[PDB]
Amino acid sequence: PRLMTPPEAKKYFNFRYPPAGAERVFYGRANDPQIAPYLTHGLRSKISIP
Amino acid sequence: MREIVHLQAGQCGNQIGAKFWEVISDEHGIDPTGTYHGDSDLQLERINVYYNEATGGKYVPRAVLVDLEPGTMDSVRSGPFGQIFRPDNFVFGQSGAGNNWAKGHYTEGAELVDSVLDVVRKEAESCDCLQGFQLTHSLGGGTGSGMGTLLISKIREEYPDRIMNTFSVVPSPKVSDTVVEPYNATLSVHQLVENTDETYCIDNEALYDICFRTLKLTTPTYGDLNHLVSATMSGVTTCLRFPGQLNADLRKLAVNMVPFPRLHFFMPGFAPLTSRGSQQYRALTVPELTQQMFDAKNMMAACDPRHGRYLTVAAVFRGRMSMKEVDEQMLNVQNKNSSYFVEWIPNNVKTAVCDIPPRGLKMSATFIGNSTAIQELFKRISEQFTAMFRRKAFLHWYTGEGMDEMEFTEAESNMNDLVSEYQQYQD
Amino acid sequence: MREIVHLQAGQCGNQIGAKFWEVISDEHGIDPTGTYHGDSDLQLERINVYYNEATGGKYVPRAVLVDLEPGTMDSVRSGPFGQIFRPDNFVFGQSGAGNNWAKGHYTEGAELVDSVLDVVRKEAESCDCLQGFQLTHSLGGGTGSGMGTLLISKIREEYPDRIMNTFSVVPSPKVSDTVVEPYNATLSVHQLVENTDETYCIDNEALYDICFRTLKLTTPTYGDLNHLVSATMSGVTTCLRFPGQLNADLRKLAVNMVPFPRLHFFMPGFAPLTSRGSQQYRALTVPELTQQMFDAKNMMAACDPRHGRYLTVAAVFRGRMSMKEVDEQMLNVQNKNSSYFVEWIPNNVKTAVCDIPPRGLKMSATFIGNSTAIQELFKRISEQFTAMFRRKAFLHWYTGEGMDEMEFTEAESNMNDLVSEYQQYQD
Amino acid sequence: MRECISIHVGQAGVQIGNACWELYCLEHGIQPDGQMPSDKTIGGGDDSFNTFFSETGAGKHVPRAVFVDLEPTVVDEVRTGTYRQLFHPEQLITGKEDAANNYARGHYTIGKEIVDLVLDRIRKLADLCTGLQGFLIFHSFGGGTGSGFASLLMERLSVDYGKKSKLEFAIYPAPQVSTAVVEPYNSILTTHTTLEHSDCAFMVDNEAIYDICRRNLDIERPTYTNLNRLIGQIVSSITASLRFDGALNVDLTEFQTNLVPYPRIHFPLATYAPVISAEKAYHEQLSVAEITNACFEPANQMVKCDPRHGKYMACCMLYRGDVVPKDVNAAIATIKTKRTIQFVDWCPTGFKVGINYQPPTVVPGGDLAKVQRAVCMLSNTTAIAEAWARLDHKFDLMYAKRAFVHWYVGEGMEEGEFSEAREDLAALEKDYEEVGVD
Amino acid sequence: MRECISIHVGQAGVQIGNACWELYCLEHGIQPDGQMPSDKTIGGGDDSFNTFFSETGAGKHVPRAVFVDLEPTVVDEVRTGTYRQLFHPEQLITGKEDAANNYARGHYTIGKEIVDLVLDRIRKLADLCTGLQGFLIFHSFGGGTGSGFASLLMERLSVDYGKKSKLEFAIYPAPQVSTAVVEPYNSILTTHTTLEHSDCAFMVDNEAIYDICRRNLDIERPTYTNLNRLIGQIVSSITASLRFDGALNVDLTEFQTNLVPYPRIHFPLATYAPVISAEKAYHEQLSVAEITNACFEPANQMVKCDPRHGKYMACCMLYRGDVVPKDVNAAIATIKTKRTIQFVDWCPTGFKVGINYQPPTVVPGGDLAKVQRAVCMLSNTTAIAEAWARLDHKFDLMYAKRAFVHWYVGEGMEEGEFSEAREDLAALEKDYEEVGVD
Ligand SMILES: Nc1nc2c(ncn2[C@@H]2O[C@H](COP(=O)(O)OP(=O)(O)OP(=O)(O)O)[C@@H](O)[C@H]2O)c(=O)[nH]1
Ligand SMILES: Nc1nc2c(ncn2[C@@H]2O[C@H](COP(=O)(O)OP(=O)(O)OP(=O)(O)O)[C@@H](O)[C@H]2O)c(=O)[nH]1
Ligand SMILES: Nc1nc2c(ncn2[C@@H]2O[C@H](COP(=O)(O)OP(=O)(O)OP(=O)(O)O)[C@@H](O)[C@H]2O)c(=O)[nH]1
Ligand SMILES: Nc1nc2c(ncn2[C@@H]2O[C@H](COP(=O)(O)OP(=O)(O)OP(=O)(O)O)[C@@H](O)[C@H]2O)c(=O)[nH]1
């Protein structure tokens, strides 16, 4: 069988078709090639220490 | 998101659609095998409007090919992009056409509608949210007329809330080849007006004249003429697929172009047409584009609107331009011919700017107009229909399949009403 | 644990199962010699539901072959997997059949029921605790209907606490080949309706139509038809043998399809059927599977339920799915045709999710249907009996055996009761 | 001391049970082996695990739960999983036959010979327990196995042990989605049996669980993994008071007394406010106010109920994390001043606050956010009666035409018990508006 | 404290909202990442950004504005811009269907299921706000989506919050240029719906802005980028009083009280005097005198109204930069001595002066000048009635010949609402006529 996707066509295939490992979550076109240094740090703003 | 599914019908539209489709793939850069060679993000981004995607990077067209004669389809299937189209989408009947409107409208269509309506509702369930349908066919074409008139009635009740785009070609006024064609036209255009909302009017005689005019290459192929008309349909679709502050929806345009319900018949208009030396003899500037854009010689659809006046004019511009030049060029034509519009509506121009230039040139545009130049068209057929209805020539065939002169009476009577209606509101 | 024991009867069920066990064995990956090639832990895991253990890693099929004629079994034993089949399980009669129901139900059966009963209980004692039994045969089969009717009666009192799965093929409506075939139908279905709890209905004409539609290969084998139905029986049995959050027990299912006792006849439904190009033209997506799952053309059992309505719907899904695409898809079809269900019961869907995909395709399913479409089936035969019982054709054979038309009187009376019964529940 | 016992009935109730212990072993840092590193936490089994685990001299944290099921596949499958060494094989009570979705079959045919063995586990777990505040029951109403078996055992644990709490948790039947039509039989059977013995029932619905995933979590296909992770966080949040402390400490005994107004009705609702996707909360802020605006927002609850179609009587918020009481009482006062929130005037105050300084942690390979200030909302309203009102018109038509009755009377039952429930459910419904009306 | 919430409706009004926020991030120096350098301005969110940005302890500046539109093309593309990480994903309210330039389609067909979403944003923005002096609405009269949607939204925000100010900024229709002929339809619909709820509307027109480009800025081929820069500068200057201080500080509330003479008519005109190309300003000098002659020069206004065709009522002069009252009060006194400046005698004084010491900076890659002394001229004059007078003779024609009526009545509307607007417009003109009469 053919290759699942051309090397540059994965992102739009994932975006247009959410079945990127079954119907998976895709973000916008902007973040498709961006670096993602997000999963390590925290989310909450802070705790105001008096 | 909002998508479009295409209909390919009539032995003509069998030709146009492939030419239309191969242009779009060449516009988007997909190889004939179907494996898109990704080069432009935006054409990658907005290919979903017309295509679904199979496994392995294969954009399947959402088009429906229907006919009766196999050899046309076999030639189409053996074409450069037949592999891109589906045997599922290859639907046909088990009979020859004979170029009879009613045989496909009453006899042959009866056992073929069930198949296609199932197919078109299958693809309807495949897609989520639609703008509507577009149909490529002819009004003077026997198989396209019979099936097209049938399906447009059927598609109305199933989805009366979509876009019923129609793309038909007017047969040559000087000679129709088909001598029963004025019967075929009158029957079809009768059914068309009630069921349609948009109609593209194209005549081939202008296309030959344009070939002598700017193509200058004496002996073309009809496919080249298809390459011309497809560019007109490509540009009006570049609005939807491409970004830029242009308002693209046909409804966005339809309410802008259509003043009143019965106005369905419209003329295209295309931008720079260039000959052998003029490609490097042309100073491609917005003023000279608008000049050639508003040239009575650039007319290709029916005839010169010089004999009448202009109800609605709308031109979409494609390339790296600005609001101001199109604005000043817009005001020039108002000052140029102020008297040749109607006092009914001033500022009858609608403008949309596609910032995405085509592949092969940068400065381009497309024009859609609703002028008062269609009177000559149906009045021509009026003398045709009357003289042939005068002595009911070639009638024993249509009485054989089950038709009567009474259907003809109201069809032309409806035609006569639209003759007056175009007359009163301008004259 | 809970296991399954099979019976193969009638010369069709000889060809039916023989494809069906090879389907099971190759799925589990055992060689023709019988030495299992250990590749999947889970298939080594739940093989015990159908196979017992011999010395050296050979899994004996726990099914018993019964017949009267040598040649049919001569093929299967000389067939690819006759070696894994048991000569101990090959019980047969020393007489021909004649395709006469009474001979197999009164004459030939008498000296063979003793042996088969002693056999089946021996494997019954070999195993611990069944779910029940399943049978491959034909209602239109001469020896299959004759033997099974006897055995189903005897097995009822022996073990009235298990599952009486029955898999019978309905003959071709247009031509039955056998001319006394309808007589066999009455004699079978009359006794079937009491003793059985589950019945599968299969027709070859649809299998032919399936071949023209999706197989598109013109000339198939009957083994191909055996392969198709084996895929159908395998799918419902993949539920029991394979993990995944699906509740698989037939009684877990049977209580979910059977609102009232007389509902024994059920129609199957299978998952993606593809053509020569569609394999690489198909995006294997949840909608198009379910769209193809609910296709009147993908129907294969008897006839189109469009003429009637749906009593219950139950489809089990095999592949790597989630609980929500199955959730949303039922809402789509529920809203699509809400009226074509019965107002007696809303929300008649019974879905199971098997996470262990098949070997060769990943995303699959199976559907079992109980609709209001069986009326035409026994209606069709009903005119035959009222006709051919008007003057009693072919009567001297059966009457010579000891048959009396009184038996026919109640058999038709019972079915005409079912005619109203199926009619009254929906109408 | 301060401990409890978890009960997980039916294979529907076990994969969720697997997840919570997977979650629970995380905050205690329990390695899949069953032992800590060289650090010192083991002893006579007395540390943070003593309320949840049983880490005796062997050094292995023994979970205080029984995973009982009647189909061996998944329970043997999870016995091939990751923490199966931690799990005790006969605390992983399996069954060889199912109930065919039939309440009575699981209540009469097979449960008799199994509950005694389960009782053996219960008493032999009871002896090693010291305080054992109560039981934690995970089940389902539309149980192919969960419904019938739970009913008989929750009677047997009630009759011998009628002096302690029993905490039950089940998925409510989806109002417009039903995998089968047997559930209206067994679910109403479960309701009438439980009410006179059940202590405090908490329901949830998966559709809204899915709905929130693609609302704020932005997940258009979650799984049981996430679904169990969400509810596992819920049961983790309510159990943080037993694990750690805060400004004040509360117990399930206080939960029962202060939540249920009157007998019979013991059906509050659970909600978690800081449910959000990964990337969202990073570039905003969450404080007491907006999460309190989020907590009581009518579309944030996992049960299909409109609070404006009912009236409030109880509301319990469980502030897990570091928050000062200042913004707490200020916010709820503004909530009290809110006119749309129509509490019943029978209760001037209806707010039970539980403060625990411990920040809720993430699960590795998870989808939740990493939040310090969190709240679990435990509240009851009379906007719930329409759910049973939905079920009764679902049930009344079907009983009139008596579908599937041959299945049930075939295995030895009759219609009198089915008759009992309809006026009992009528008894439930007329109680709801009478307490609803002033 | 001192803040507001900006509203950006219409794919016309979305790029302009980007540019001002782009312009805004320049003067306060926001890096596109979302955080300052190592320098300390982050905290509880209280600094120059607190009036516009919500830079919580995460350090990320959150614009207090919502971008709403109905086509995903541009919004997703600007979500592919440079500051999209700053922009909240679903404050970028996107849409999937258009109004097709139809006011009522954008007012009735699709508005219902979107306003609930944006109202959630508004309240969840309102709760975190402290003072929220009002709202900044960016829209357009000839709105394909601007017209219908803004009109519906400005209703509920008025009815639910009728105690705060509402700032309306929109492009006025071009007098003789018409890209669409349904534009007179929706425009008059917007006016009659907004005259009784809008607080203060401010109109601009493109043609004169283009005319300015090639007169003094010397650009015969500008773009939106410069166009949105100029109005982006315009709103930046009026918000400088919120940003920085001066000798005295003025607020929109004073603007409302001191500009609108009487109810209904709340339509002043804004003009910025130092609009000069870069190289011109070099070899020339700017002082209060000549720039004030320029601001009162008839052709300097961006709206096609003729000052000596009308009479003046109010005037606002926002001196942003280094100025002293001495030359300030002298120049305006000379204007009072000027005879061509014909104010209405009802107001002996009509001058509202605002000084701001902060000089208007240039923007990198821009086309403005190096301004040290600047002003926006906000004034209302009777010369505006001709524009609506242009509209009605435009409007009265096609209404007699009922062009495009089938489209609007096809989606469910009637001519009575088209009827009401004309005497409303007649009411304004006769109102405009009477107030012009002494
Ligand atoms: N394909 C094709 N069609 C042409 C060409 N020139 C004129 N036509 C006309 O296009 C019409 C449309 O084709 P169909 O609608 O498929 O015609 P039909 O229904 O099969 O019956 P006929 O019109 O008699 O051919 C034909 O009737 C031709 O008269 C050409 O060069 N190529
Ligand atoms: N094996 C087999 N059976 C078929 C085929 N096509 C139709 N059948 C029918 O399947 C039925 C079942 O076979 P059996 O029950 O074993 O037949 P029998 O009892 O020996 O007597 P007959 O039915 O008269 O053949 C037959 O009656 C055939 O009519 C086929 O291709 N192969
Ligand atoms: N609690 C729970 N429910 C699930 C899960 N997955 C699907 N469900 C739903 O919960 C229901 C489980 O009820 P039952 O099937 O009766 O469970 P049971 O009584 O233990 O018996 P089984 O049928 O073997 O599972 C199913 O109908 C599903 O719709 C899950 O992981 N956990
Ligand atoms: N405010 C603004 N207007 C623009 C810009 N560019 C062009 N325009 C004008 O603004 C008008 C846009 O109005 P509408 O077409 O009603 O905009 P909409 O209601 O958001 O919906 P669309 O029809 O899709 O644009 C156009 O007619 C242009 O003449 C721009 O960058 N900003």
# chains A, B, ... in the order shown; residues from 1 in each chain; ligands from 1
call {"tool": "residues_near_ligand", "arguments": {"ligand": "ligand 2", "cutoff": "7 Å", "atoms": "only C-alpha atoms and all ligand atoms", "output": "number ranges by chain"}}
result
C: 9-15, 97-100, 137-138, 140-146, 171, 176-178, 222
call {"tool": "interface_residues", "arguments": {"of": "chain C", "to": "chain A", "cutoff": "10 Å", "atoms": "only C-alpha atoms", "output": "mmCIF file with C-alpha atoms, in the first residue's frame"}}
result
data_model
loop_
_atom_site.group_PDB
_atom_site.id
_atom_site.type_symbol
_atom_site.label_atom_id
_atom_site.label_comp_id
_atom_site.auth_asym_id
_atom_site.auth_seq_id
_atom_site.Cartn_x
_atom_site.Cartn_y
_atom_site.Cartn_z
ATOM 1 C CA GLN C 279 -9.770 0.043 -1.384
ATOM 2 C CA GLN C 280 -7.398 2.943 -2.083
ATOM 3 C CA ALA C 283 -11.156 6.957 3.731
ATOM 4 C CA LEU C 284 -11.961 4.384 6.410
ATOM 5 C CA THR C 285 -14.012 6.731 8.586
ATOM 6 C CA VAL C 286 -16.783 6.096 11.115
ATOM 7 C CA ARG C 320 -10.166 0.722 17.278
ATOM 8 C CA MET C 321 -13.212 2.902 17.997
ATOM 9 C CA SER C 322 -14.474 4.985 20.903
ATOM 10 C CA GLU C 325 -18.588 8.147 17.501
#
call {"tool": "interface_residues", "arguments": {"of": "chain E", "to": "chain B", "cutoff": "6 Å", "atoms": "only C-alpha atoms", "output": "list in words"}}
result
residues 100, 178, 179, 180, 403 and 404 of chain E
call {"tool": "closest_residue", "arguments": {"among": "D:112, D:140, D:133, D:2", "to": "ligand 3", "atoms": "only C-alpha atoms and all ligand atoms"}}
result
D:140
call {"tool": "residues_near_ligand", "arguments": {"ligand": "ligand 3", "cutoff": "7 Å", "atoms": "only C-alpha atoms and all ligand atoms", "output": "PyMOL selection string"}}
result
(chain C and resi 245-247+323) or (chain D and resi 9-13+15-16+69+71+98+101+139-140+142-147+171+179+224)
call {"tool": "write_last_selection", "arguments": {"atoms": "N, CA, C and O atoms", "output": "short mmCIF file (atom, residue, chain, number, x, y, z; two decimals), in the first residue's frame"}}
result
data_model
loop_
_atom_site.label_atom_id
_atom_site.label_comp_id
_atom_site.auth_asym_id
_atom_site.auth_seq_id
_atom_site.Cartn_x
_atom_site.Cartn_y
_atom_site.Cartn_z
N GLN C 245 -14.60 -3.69 25.66
CA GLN C 245 -15.80 -3.47 26.46
C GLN C 245 -17.03 -3.64 25.56
O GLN C 245 -17.63 -2.68 25.06
N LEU C 246 -17.37 -4.90 25.34
CA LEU C 246 -18.62 -5.29 24.70
C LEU C 246 -19.14 -6.52 25.43
O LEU C 246 -18.37 -7.42 25.78
N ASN C 247 -20.45 -6.54 25.67
CA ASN C 247 -21.07 -7.68 26.33
C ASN C 247 -21.57 -8.64 25.26
O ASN C 247 -22.44 -8.29 24.46
N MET C 323 -16.35 5.38 22.35
CA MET C 323 -17.74 5.25 22.78
C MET C 323 -18.62 6.38 22.26
O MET C 323 -19.84 6.34 22.43
N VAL D 9 -18.14 -2.96 41.58
CA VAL D 9 -18.98 -4.05 41.09
C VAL D 9 -19.20 -3.86 39.60
O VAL D 9 -19.38 -2.73 39.13
N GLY D 10 -19.16 -4.96 38.85
CA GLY D 10 -19.43 -4.90 37.42
C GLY D 10 -18.25 -4.39 36.63
O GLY D 10 -17.61 -3.43 37.04
N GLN D 11 -17.97 -5.02 35.48
CA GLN D 11 -16.80 -4.62 34.70
C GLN D 11 -16.89 -3.19 34.21
O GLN D 11 -15.87 -2.59 33.87
N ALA D 12 -18.11 -2.64 34.12
CA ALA D 12 -18.25 -1.21 33.92
C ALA D 12 -17.64 -0.43 35.08
O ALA D 12 -17.11 0.67 34.89
N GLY D 13 -17.72 -0.99 36.29
CA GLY D 13 -17.20 -0.29 37.45
C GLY D 13 -15.76 -0.62 37.77
O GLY D 13 -15.26 -0.22 38.83
N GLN D 15 -12.86 -0.69 35.24
CA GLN D 15 -11.80 0.05 34.57
C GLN D 15 -11.67 1.44 35.17
O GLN D 15 -10.56 1.98 35.26
N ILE D 16 -12.79 2.02 35.60
CA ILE D 16 -12.75 3.24 36.39
C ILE D 16 -12.04 3.00 37.71
O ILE D 16 -11.24 3.82 38.17
N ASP D 69 -16.64 -8.90 39.56
CA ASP D 69 -17.25 -8.91 38.24
C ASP D 69 -17.70 -10.33 37.94
O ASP D 69 -17.23 -11.30 38.55
N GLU D 71 -17.88 -11.42 34.54
CA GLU D 71 -17.26 -11.84 33.29
C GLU D 71 -15.75 -11.73 33.42
O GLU D 71 -15.23 -10.64 33.70
N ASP D 98 -22.75 -14.32 33.29
CA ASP D 98 -23.30 -12.98 33.33
C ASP D 98 -24.80 -13.03 33.61
O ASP D 98 -25.40 -14.11 33.72
N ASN D 101 -28.05 -8.68 31.39
CA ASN D 101 -28.64 -7.38 31.70
C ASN D 101 -29.82 -7.51 32.65
O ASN D 101 -30.42 -6.51 33.05
N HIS D 139 -20.51 1.65 40.80
CA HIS D 139 -21.44 0.77 40.11
C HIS D 139 -22.07 1.53 38.95
O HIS D 139 -21.59 2.58 38.53
N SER D 140 -23.15 0.96 38.42
CA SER D 140 -23.94 1.58 37.37
C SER D 140 -25.39 1.19 37.56
O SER D 140 -25.70 0.13 38.11
N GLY D 142 -27.77 1.08 34.85
CA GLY D 142 -28.03 0.17 33.76
C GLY D 142 -26.95 -0.88 33.63
O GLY D 142 -26.26 -0.97 32.61
N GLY D 143 -26.79 -1.69 34.67
CA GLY D 143 -25.72 -2.67 34.74
C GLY D 143 -26.17 -4.00 34.18
O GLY D 143 -27.16 -4.58 34.63
N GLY D 144 -25.43 -4.48 33.18
CA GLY D 144 -25.53 -5.86 32.76
C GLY D 144 -25.16 -6.77 33.90
O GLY D 144 -25.70 -7.87 34.03
N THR D 145 -24.22 -6.32 34.73
CA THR D 145 -23.90 -7.05 35.95
C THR D 145 -23.98 -6.18 37.20
O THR D 145 -24.36 -6.66 38.27
N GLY D 146 -23.69 -4.88 37.06
CA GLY D 146 -23.63 -3.98 38.20
C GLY D 146 -24.93 -3.81 38.96
O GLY D 146 -24.94 -3.74 40.19
N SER D 147 -26.04 -3.71 38.22
CA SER D 147 -27.35 -3.47 38.82
C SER D 147 -27.76 -4.58 39.78
O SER D 147 -27.94 -4.33 40.98
N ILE D 171 -23.08 5.69 37.25
CA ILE D 171 -23.46 6.48 36.08
C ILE D 171 -24.98 6.52 35.98
O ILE D 171 -25.65 5.48 36.06
N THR D 179 -28.10 2.31 25.50
CA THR D 179 -27.51 1.20 24.77
C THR D 179 -28.48 0.04 24.60
O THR D 179 -28.39 -0.69 23.60
N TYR D 224 -12.60 6.47 27.85
CA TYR D 224 -12.63 6.03 29.24
C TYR D 224 -11.40 6.47 30.01
O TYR D 224 -11.53 6.96 31.13
#
call {"tool": "closest_residue", "arguments": {"among": "D:255, D:343, D:418, D:282", "to": "chain A", "atoms": "only C-alpha atoms"}}
result
D:282
call {"tool": "interface_residues", "arguments": {"of": "chain D", "to": "chain A", "cutoff": "10 Å", "atoms": "only C-alpha atoms", "output": "JSON, numbers by chain"}}
result
{"D": [214, 218, 219, 220, 221, 222, 278, 279, 280, 281, 282, 283, 284, 285, 286, 287, 322, 323, 369, 370, 371, 372, 373]}
call {"tool": "residues_around", "arguments": {"residues": "residue 32 of chain C", "least_positions_apart": "3", "cutoff": "10 Å", "atoms": "only C-alpha atoms", "output": "ChimeraX atom specification"}}
result
/C:22,25-26,29,35-36,80-84
call {"tool": "select_by_dssp", "arguments": {"residues": "segment 241-357 of chain C", "states": "strand (DSSP E)", "output": "PyMOL selection string"}}
result
chain C and resi 265-270+310-318+352-354
call {"tool": "write_last_selection", "arguments": {"atoms": "C-alpha atoms", "output": "compact mmCIF listing (two decimals), in the first residue's frame"}}
result
# COMPACT_ATOMS: atom_id res chain seq x y z
CA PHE C 265 -36.17 -14.83 12.48
CA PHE C 266 -33.39 -12.26 12.18
CA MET C 267 -31.54 -10.65 9.33
CA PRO C 268 -27.77 -10.02 9.32
CA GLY C 269 -25.81 -6.95 8.25
CA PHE C 270 -22.13 -6.64 7.40
CA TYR C 310 -37.72 -1.91 12.02
CA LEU C 311 -38.45 -3.82 15.23
CA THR C 312 -34.93 -3.87 16.70
CA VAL C 313 -31.47 -2.96 15.44
CA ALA C 314 -28.21 -4.35 16.81
CA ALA C 315 -24.77 -3.81 15.31
CA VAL C 316 -21.45 -4.88 16.86
CA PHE C 317 -18.33 -2.96 15.86
CA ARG C 318 -14.83 -4.41 15.42
CA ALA C 352 -21.33 -3.76 21.25
CA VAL C 353 -17.77 -2.50 20.79
CA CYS C 354 -15.05 -5.04 20.02
call {"tool": "atom_distance", "arguments": {"atom1": "atom CA of residue 226 of chain B", "atom2": "atom CA of residue 19 of chain B"}}
result
6.4 Å
call {"tool": "select_by_dssp", "arguments": {"residues": "segment 107-265 of chain B", "states": "helix (DSSP H, G or I)", "output": "ChimeraX atom specification"}}
result
/B:107,110-126,142-158,181-195,204-215,222-241,250-257
call {"tool": "interface_residues", "arguments": {"of": "chain B", "to": "chain C", "cutoff": "10 Å", "atoms": "only C-alpha atoms", "output": "PyMOL selection string"}}
result
chain B and resi 52-56+58-60+83-88+122-123+125-126
call {"tool": "interface_residues", "arguments": {"of": "chain E", "to": "chain D", "cutoff": "7 Å", "atoms": "only C-alpha atoms", "output": "list in words"}}
result
residues 56, 58, 60 and 124 of chain E
call {"tool": "residues_around", "arguments": {"residues": "residue 48 of chain E", "least_positions_apart": "6", "cutoff": "9 Å", "atoms": "only C-alpha atoms", "output": "PDB file with N, CA, C and O atoms, in the first residue's frame"}}
result
ATOM      1  N   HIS E  28       3.798  50.456  24.902  1.00  0.00           N
ATOM      2  CA  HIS E  28       4.109  49.835  26.180  1.00  0.00           C
ATOM      3  C   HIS E  28       5.200  48.779  26.046  1.00  0.00           C
ATOM      4  O   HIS E  28       5.654  48.237  27.058  1.00  0.00           O
ATOM      5  N   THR E  41       7.667  44.685  35.693  1.00  0.00           N
ATOM      6  CA  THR E  41       6.379  45.354  35.609  1.00  0.00           C
ATOM      7  C   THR E  41       5.216  44.401  35.829  1.00  0.00           C
ATOM      8  O   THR E  41       4.069  44.858  35.906  1.00  0.00           O
ATOM      9  N   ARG E 243      -4.048  56.164  29.611  1.00  0.00           N
ATOM     10  CA  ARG E 243      -2.696  55.637  29.770  1.00  0.00           C
ATOM     11  C   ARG E 243      -1.854  56.540  30.662  1.00  0.00           C
ATOM     12  O   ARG E 243      -1.396  56.127  31.733  1.00  0.00           O
ATOM     13  N   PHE E 244      -1.641  57.780  30.235  1.00  0.00           N
ATOM     14  CA  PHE E 244      -0.818  58.739  30.956  1.00  0.00           C
ATOM     15  C   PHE E 244      -1.682  59.888  31.465  1.00  0.00           C
ATOM     16  O   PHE E 244      -2.911  59.873  31.361  1.00  0.00           O
TER      17      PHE E 244
END
call {"tool": "atom_distance", "arguments": {"atom1": "atom CA of residue 61 of chain E", "atom2": "atom CA of residue 242 of chain E"}}
result
17.3 Å
call {"tool": "atom_distance", "arguments": {"atom1": "atom CA of residue 208 of chain C", "atom2": "atom CA of residue 367 of chain C"}}
result
19.6 Å
call {"tool": "residues_around", "arguments": {"residues": "residue 344 of chain D", "least_positions_apart": "3", "cutoff": "10 Å", "atoms": "only C-alpha atoms", "output": "list in words"}}
result
residues 310, 311, 312, 313, 314, 341, 347, 348, 349, 350, 381, 382, 435, 436, 437 and 438 of chain D
call {"tool": "residues_around", "arguments": {"residues": "residue 188 of chain E", "least_positions_apart": "4", "cutoff": "8 Å", "atoms": "only C-alpha atoms", "output": "PDB file with C-alpha atoms, in the first residue's frame"}}
result
ATOM      1  CA  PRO E 184     -28.461  52.065   2.363  1.00  0.00           C
ATOM      2  CA  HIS E 192     -33.082  53.724  13.760  1.00  0.00           C
ATOM      3  CA  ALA E 421     -36.753  54.237   9.545  1.00  0.00           C
ATOM      4  CA  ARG E 422     -37.669  56.903   6.987  1.00  0.00           C
ATOM      5  CA  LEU E 425     -34.552  59.874   9.512  1.00  0.00           C
TER       6      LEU E 425
END
call {"tool": "decode", "arguments": {"residues": "segment 15-28 of chain A", "atoms": "C-alpha atoms", "output": "CSV table (one decimal), in the first residue's frame"}}
result
chain,number,residue,atom,x,y,z
A,15,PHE,CA,-6.3,19.2,10.7
A,16,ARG,CA,-8.9,18.4,8.0
A,17,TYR,CA,-9.1,14.9,9.1
A,18,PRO,CA,-9.0,14.5,12.9
A,19,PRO,CA,-8.2,10.8,12.5
A,20,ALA,CA,-4.5,11.4,13.3
A,21,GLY,CA,-4.4,8.4,15.6
A,22,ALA,CA,-8.1,8.1,15.6
A,23,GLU,CA,-10.2,11.3,15.6
A,24,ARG,CA,-7.6,13.3,17.5
A,25,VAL,CA,-7.5,16.9,18.8
A,26,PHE,CA,-6.1,19.4,16.3
A,27,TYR,CA,-5.3,23.0,16.9
A,28,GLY,CA,-5.2,25.8,14.4
